[PDB]
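There is one chain below, alone, in structure tokens, taken in the form deposited in one PDB entry.
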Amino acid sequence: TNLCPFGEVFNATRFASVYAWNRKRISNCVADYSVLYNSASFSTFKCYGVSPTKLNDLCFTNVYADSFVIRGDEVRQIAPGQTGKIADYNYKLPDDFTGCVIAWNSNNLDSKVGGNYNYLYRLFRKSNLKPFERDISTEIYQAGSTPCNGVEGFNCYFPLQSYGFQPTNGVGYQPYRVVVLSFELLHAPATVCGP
């Protein structure tokens, strides 16, 4: 019985932005969650709808892994029923969530000399994101009452903004890699279990 490639998402040399959060499908393997909970390398390991102790000796049909990078101050927003620029516009979680959230510091990897301005985030949307929805649209946002046919102007700006991610930053503005596991059991055989 092959193990789950979890070191494939947690040790993924590159991560994605929040407006384009990568999604992995994990199945046909055995996963040891007790190793990840006691790793002491994650600053935040919060679970919803599932007891992490009882999570190891449990089975699911398909588990999704969403990975992205945010500010330290915005790790609070990756949770069910949150409000903010991330939860409303970047990555939303459903009220009936049955998956965990795992975040850790990544200053050495995602912040270099002179800054690392390659991670982006959504700043404007005409409506809030639905649960597990993604929006990568670079359509200029109509902040005012005057329309704009995809042309920059007053009250019409680019909806994407880059993080600073300087090495000598504060913790709340430091790069933090976060992976959200989704535990879904549909009408299918359970194939991801633990020891």
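Only the largest set of C-alpha atoms that superpose within 1.5 Å between the two forms is called the rigid core. Residue numbers here begin at 1 and follow the sequence given. Shifts are known only where both forms have a C-alpha.
Task: Mean Cα B-factor comparison, 114 to 122 or 81 to 89, giving the higher one as deposited - done: Here the higher of the two C-alpha B-factor means belongs to 114 to 122.
Task: 135 to 143 set against 56 to 64, stretch whose average Cα temperature factor tops the other in the entry - done: Comparing 56 to 64 with 135 to 143, the higher average CA B-factor belongs to 56 to 64.
- [ ] Divide the modelled residues of the chain into thirds by Cα B-factor and specify which third, lowest, middle or highest, holds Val180.
- [x] For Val180, whose C-alpha B-factor we compare with every modelled residue in the chain, the answer is the lowest third.
TODO: Relative to the other modelled residues of the same chain, rank the CA B-factor of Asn155 and answer lowest, middle or highest third.
DONE: Middle third, going by the recorded CA B-factors of the chain.
TODO: Consider only the C-alpha atoms of the modelled residues in this chain, order them by B-factor as the entry records it, and name the third containing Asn169: lowest, middle or highest.
DONE: Tercile = highest for this residue's CA B-factor.
Task: Among modelled residues of the same chain, the CA temperature factor third for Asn28 - done: Ranked within chain, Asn28 CA B lands in the highest tercile.
Task: Within-chain third of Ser162 by Cα B-factor, per the entry - done: Within its chain, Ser162 is a middle-third residue by C-alpha B-factor, going by the deposited values.
FYI, the form deposited in another entry isn't displayed, but the following is about it.
Open item on the list: With the core superposed, a Cα shift of 2 Å or more between the shown form and the other one singles out one residue among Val30, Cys148, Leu58, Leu160. Which one is it?
Closed with: It is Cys148.
Task: Superposed on the rigid core, segments between the shown form and the other one of at least 3 residues with Cα shifts of 2 Å or more - done: Shifted segments: 144 to 151, 185 to 187.
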